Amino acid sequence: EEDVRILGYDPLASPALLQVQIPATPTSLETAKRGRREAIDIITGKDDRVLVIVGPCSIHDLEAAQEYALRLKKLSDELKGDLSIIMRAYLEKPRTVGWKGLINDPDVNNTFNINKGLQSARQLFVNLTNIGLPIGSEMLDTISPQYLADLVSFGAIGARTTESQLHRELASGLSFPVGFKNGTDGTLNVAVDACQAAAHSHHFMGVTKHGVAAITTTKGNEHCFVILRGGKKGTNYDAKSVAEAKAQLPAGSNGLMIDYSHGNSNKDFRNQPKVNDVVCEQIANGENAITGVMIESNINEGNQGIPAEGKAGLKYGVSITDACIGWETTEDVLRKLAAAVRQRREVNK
């Protein structure tokens, strides 16, 4: 007696199969490799620029996500001297009611279609990296990465998974930098331990490119950093917290990342520009522990819901999960930030 709570198994196209059906262009693969290099240099102290993971809370519209990417691309060219921008192309959010994500519900209609979900996911990632814009995503499980890893330049383990052994081992084998968010209870200890663990070699059970379960063995990831995203103990994007933080980072730690939205906003997306100001000062005055910022942005501000009128009737450019600043304001943030960096170069010059 088992599976009594298992309604059934549906066939799942393997990674290898998907990687052929939706191939990565030479440009796409190049953009991904570049992003990883830049990201690595910045978090390890080799580059004085600031790593910026900015983009929608979650993509549900490949059309709108492509428009946004173009804009963000044209900008990244201009502020490339001070900011290395990776676009947020998260494929969901850890809901509890609400949507499931571009992979669980690609059609936004409670009609699960994982296979089509993975196709959209992969297609999307290819479309974005194809125009020369690196992308970052959240590492949900130990399988999804196999279908998209080749195109990702940055990966972030959510706040509710940083303590999870399973996600630490997963990070210890990813081919890019992985950011661990601090505990949902404001503490920074668990994220420091995640980075410690991901640095080691692990032996876990995963699936191959051919959809088969196998004993995986990782090398260890040394490009794991901490992301500050607030918590119960209050937001932590300020100098005082940044210092408490630096104080906890062990020997050989990488540069800290500060997520403007989420716990560092207190259910008010209009606080991101505020945080930017505070963080931009620390930077403008020689703070070199602050290496990257995480921004939840979009084409139009705010959030919304999934109307009774199916997907066909959803305000365009507007998130359907966490709320975010709109384009206009995003470019501001990125210009004061671009300055905070250009400045910083002197404080240390």
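The first residue of the shown sequence is 1; numbering continues from there. Take the two forms, superpose them, and find the largest set of C-alpha atoms that agree within 1.5 Å; that set is the rigid core.
Peer 1: Do the Cα atoms of 104-112 stray more than those of 165-173 in 7 other deposited structures of this protein, or is it the other way round, with the core held fixed?
Peer 2: Between 104-112 and 165-173, the one lying farther away in 7 other deposited structures of this protein is 104-112.
Peer 1: Does the comparison with other entries of this protein show residue 313 left unmodelled in at least a third of them?
Peer 2: yes, residue 313 frequently unmodelled elsewhere, at least a third of entries.
Peer 1: Can you check if residue 216 is missing its coordinates in at least one third of the other PDB entries compared, counting only those that model the residues either side of it?
Peer 2: Looking at the other entries that model residues on either side of it, residue 216 is present in every one.
Peer 1: Are any deposited residues left out of the model between residue 160 and residue 161, and how many (none, 1 to 3, 4 to 9, 10 or more)?
Peer 2: Unmodelled stretch: none, continuous chain.
Peer 1: Can you tell me whether 51-59 has a higher mean C-alpha B factor than 298-306 in this record, or the other way round?
Peer 2: Mean B over CA atoms: larger for 298-306.
Peer 1: May I ask you to compare 325-333 and 13-21 by their mean CA B factor in the entry and name the higher one?
Peer 2: Stretch with the higher mean C-alpha B-factor: 325-333.
Peer 1: In this PDB entry, which of 314, 32, 43, 289 has the top CA B-factor?
Peer 2: Out of 314, 32, 43, 289, the record gives the largest C-alpha B-factor to 314.
Peer 1: Looking at 259, 138, 169, 141, which has the highest Cα B-factor in the entry?
Peer 2: The C-alpha B-factor peaks, among 259, 138, 169, 141, at 141.
Peer 1: What third of its chain's C-alpha B-factors does residue 204 belong to: lowest, middle or highest?
Peer 2: It falls in the middle third of the chain.
Peer 1: Ranked by Cα temperature factor within the chain, is residue 219 in the lowest third, the middle third or the highest third?
Peer 2: Lowest third - that is where residue 219 ends up once the chain's C-alpha B-factors are sorted.
Peer 1: Tell me, lowest, middle or highest third: where does the Cα B factor of residue 132 rank within its chain?
Peer 2: Middle third.
Peer 1: Quick check on the deposited entry: does the C-alpha B-factor of residue 237 sit in the lowest, middle or highest third of its chain?
Peer 2: Middle third by C-alpha B-factor.
Peer 1: Of the three thirds of its chain by CA temperature factor, lowest, middle or highest, which one includes residue 247?
Peer 2: For residue 247, the deposited C-alpha B-factor lands in the middle third.
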